[PDB]
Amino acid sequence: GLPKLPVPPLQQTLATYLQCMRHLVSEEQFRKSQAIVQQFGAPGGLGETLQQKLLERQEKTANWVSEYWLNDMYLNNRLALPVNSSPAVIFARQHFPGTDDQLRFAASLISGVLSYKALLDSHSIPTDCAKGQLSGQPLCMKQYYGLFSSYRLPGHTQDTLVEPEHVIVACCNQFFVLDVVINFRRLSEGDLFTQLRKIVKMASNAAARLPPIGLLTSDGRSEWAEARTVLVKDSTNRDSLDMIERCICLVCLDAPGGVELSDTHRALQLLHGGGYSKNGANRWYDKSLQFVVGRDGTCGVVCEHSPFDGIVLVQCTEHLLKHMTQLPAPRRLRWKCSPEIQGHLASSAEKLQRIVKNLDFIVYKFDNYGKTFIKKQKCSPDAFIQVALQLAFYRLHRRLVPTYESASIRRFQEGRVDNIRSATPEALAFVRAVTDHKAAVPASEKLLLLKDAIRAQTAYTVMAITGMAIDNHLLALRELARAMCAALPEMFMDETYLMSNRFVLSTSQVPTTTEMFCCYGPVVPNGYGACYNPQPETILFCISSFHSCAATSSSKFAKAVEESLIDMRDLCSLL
């Protein structure tokens, strides 16, 4: 009973687009972009033709952007999924004195998964109602049904999102089939614990060890598509891939790390496993959910997020963790490795280690204040924090950049997200006043600039979540144009448009109720990834960047965030 994603008016989107980019390009580049957009948007022109094709599309589809967005955000992306794509959720520290304590946790977690899947298959789950901005409104539930049912196949140029029930268990880079529902008749926690004891014993036998095929899923998508094409030439490889493809989830029983179990190092283990020499091959990145249960108590889940976004994921995992309860041998999946496959594995190992060494990651806990203080200033906490991130970026790098912030459009049928473009002209005015000390702008006027930047950020936020923002609209017009002619219209070849979609700062808010946190890598080589968790009295930031970029630094950016939050508290405390 949810409404269809709206199609905003064309002239609205084009005027918002120009206002979004004017302050981020030169005078001359903008003048050219203005002329291009005017011709695109002229009466009887190409824009209007495309808009009419888009309204026809809205009438005939449940959601007119779903296919375009899924390809542009995920399936067309050629980069390896670790760090570049798959986010990580880190649970609370656990203490596993013995192996059976780790395996009791795993058994308890798996049966929590089985019972959660039974609720979904009940189709009796009450509709989620929004929290925060525009509270109380009903939200789409489709994403819950992609948590367990999905596998992402690699393609040469574009990926594809695709019996008795079983889990796959990864241990010592070996994969084991663990059947769990054996005719609508679930195995108990006790049975699962017993089955996991057998897997650990068998995975420990070095005479029986098979090559670490999971490492192949860590490569570039076109490279893994090619390697997979080799594998499927043999029958027993095909059967093994089939079991992984139809599994409920992965459960990875990781070896202990060597390092201090800081929040930052626990996150690193969930994001890439520390590479081939630690837990990096104890993975299968094509599958949507990989639950990690490390021997040292490091536990979380790695997500192939093409079928769902973070809010739905965390509601599931918080459900699982809260409800957790305090016979043939599982089959080991077999493989036949060509001489060629041996070479694919060597390159996968080398490419994966470059990712491991390239990632610069920090978990930073701002503890001077949280949402409560911000609400007392009559501000949205998310908008407050977004403005602070723009100040952080500007005081460090002395420029503002196209920024991405996730906004859920789950108020509409099959809605996923649109983009809140936080790098507004009001943000620019504020951060310049704060950092340009020659200008000597009085603190009272800085406060007025702070309040107007928050106002603009909230206004864009409301627009985005009601389906009236620009990114999805423009994407659809672009891909509708592409279908009529491979030569795209000038508006989408314009350097201004290409720049507008290089998100040097890529952000999202994922609040949790518990001690878990979320993190992901940047989406451009010279950029940051920034996932935050605002609580009443604290704000948790997970900051990523790439060591190969000499300008970026996760530690420096985190100190800039702290400085920006203190500056903004001092400004709000004036009046």
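The term rigid core refers to the most C-alpha atoms you can superpose between the two forms while keeping them within 1.5 Å. Just count from 1 along the sequence shown to find any residue number.
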RMS CA shift, core-fitted in 6 other deposited structures of this protein, bigger for 331-339 or for 180-188: 180-188
Of the two stretches 203-211 and 95-103, CA positions deviate more in 6 other deposited structures of this protein after rigid core alignment for 203-211
Do at least a third of the other entries of this protein fail to model residue 134? yes
If I compare the deposited sequence with the modelled residues, how many are absent between residue 183 and residue 184: none, 1 to 3, 4 to 9, or 10 or more? none
Quick one: classify how much of the deposited chain lacks coordinates between residue 162 and residue 163, choosing none, 1 to 3, 4 to 9, or 10 or more. 4 to 9
Taking only the CA atoms, which stretch has the higher mean B-factor in the record, 465-473 or 228-236? 228-236
Would you determine, from the values in the PDB entry, which of 73-81 and 121-129 has the greater average C-alpha temperature factor? 121-129
Considering only 110, 484, 387, 169, which residue's Cα atom bears the greatest B-factor as recorded? 484
Go through 512, 29, 544, 538 one by one and give the residue whose Cα B-factor in the PDB entry is largest. 512
Among the modelled residues of this chain, does the Cα B factor of residue 214 put it in the lowest, middle or highest third? lowest
Taking the chain's C-alpha temperature factors as the reference, tell me which third residue 268 falls into: lowest, middle or highest. middle
Compared with the other modelled residues in the chain, in which third is the CA B-factor of residue 144? middle
Split the chain's modelled residues into thirds by Cα B-factor; residue 358 lands in the middle
Quick one: classify residue 41 as lowest, middle or highest third of the chain based on its Cα B-factor. middle
